[PDB]
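> Dropping a structure here in structure tokens format, bear with me for questions.
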Amino acid sequence: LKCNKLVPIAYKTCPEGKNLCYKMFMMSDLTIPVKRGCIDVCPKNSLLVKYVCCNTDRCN
């Protein structure tokens, strides 16, 4: 899977073990994010942050 970095411009292949791309949004998601990378299993989301996991190339 191809996951992007903080910016939706540069992205790479989420390596062996991590084939999922997620993007955590602080305060609110409606806005622009705070952090986003790859993962294997989506963590527990919070009320202060929004955990948006995906499995699509360039999802984040």
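Think of each number as a place in line: the chain as shown, counted from 1.
Per deposition record, solution NMR.
Each residue, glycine too, has its Cβ placed from N, Cα and C.
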> Using the record from Swiss-Prot, pick out the residue from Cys38, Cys42 that is joined to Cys53 by a disulfide.
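Candidates were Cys38, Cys42; Swiss-Prot matches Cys53 with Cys42.
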> List, in sequence order, the same-chain residues at least six positions removed whose CB sits under 8 Å from that of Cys14 (disulfide bond)?
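Non-local contacts for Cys14 (disulfide bond): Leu1, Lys2, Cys3, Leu20, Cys21, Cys38.
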> Between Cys53 (disulfide bond) and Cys59 (disulfide bond), what is the CA-CA distance rounded to a whole number of Å?
8
